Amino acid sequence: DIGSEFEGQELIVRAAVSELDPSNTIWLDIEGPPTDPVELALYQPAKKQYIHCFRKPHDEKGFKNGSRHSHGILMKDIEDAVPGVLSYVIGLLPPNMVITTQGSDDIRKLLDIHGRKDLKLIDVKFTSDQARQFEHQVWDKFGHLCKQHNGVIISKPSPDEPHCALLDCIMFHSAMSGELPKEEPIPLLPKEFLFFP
């Protein structure tokens, strides 16, 4: 408990989680399977804020599937992610918090694995077309928020846009609201802390 080389990261995450208001809508999305997640985002539109972090997968062979066909995150761009950050964020979430999601199955599993059966999920149950209404607009306006999706998406016309946990949250909220947010949410976790020097 005393002397950790990751004391800073821990304090940063604690400070970020303390900013979450359990009275407001909070979105959560992950990329990667719930057993080996590689990207996590929480987004609270009412406070114009988000928590966003990464982790290196433990199953590198399995990671290839999501990388090529879903999220487009290359191993090179997350191999230096500080381990445990993603789990620490989940561990700190307030008791019994209501979390908004699109497609609850994998998130439920993720949270259950983390022993967070107390967290409650709303699934907005969008169709794919509904969920991604604002995809191009979100990448145009907010794409600079995540530069970690550099792999071309293969179809197992034109390549699909890769899925980013953060931009997914933003575009899902935009779909629910009918419009993109006023302007630019603010990161609660400084990017430089998500990765090894």
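Numbers follow the displayed sequence, beginning with 1.
**Q** Unmodelled residues of the deposited sequence between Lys156 and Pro157: none, 1 to 3, 4 to 9, or 10 or more?
**A** A long stretch, 10 or more residues, is missing between them.
**Q** Averaging only over Cα atoms, indicate whether 81-89 or 118-126 has the higher B-factor in the PDB entry.
**A** Mean C-alpha B-factor is greater for 118-126.
**Q** Decide which of the stretches 33-41 and 133-141 has the higher mean C-alpha B-factor, going by the entry.
**A** The recorded data point to 133-141.
**Q** Between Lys61, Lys56, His52, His149, which carries the biggest CA temperature factor in the record?
**A** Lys61 has the highest C-alpha B-factor of those listed.
**Q** Please place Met97 in the lowest, middle or highest third of its chain by C-alpha B factor as given in the entry.
**A** According to the entry, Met97 has a C-alpha B-factor in the chain's highest third.
**Q** Could you look up the Cα B-factor of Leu20 in the entry and say which third of the chain it sits in: lowest, middle or highest?
**A** Tercile = highest for this residue's CA B-factor.
**Q** Quick one: classify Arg108 as lowest, middle or highest third of the chain based on its Cα B-factor.
**A** Tercile = middle for this residue's CA B-factor.
**Q** In terms of the chain's CA B-factor thirds, is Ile186 lowest, middle or highest?
**A** Highest third.
**Q** Against its chain's modelled residues, does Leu180's Cα B factor rank lowest, middle or highest third?
**A** Answer is highest: the recorded C-alpha B-factor places it there.
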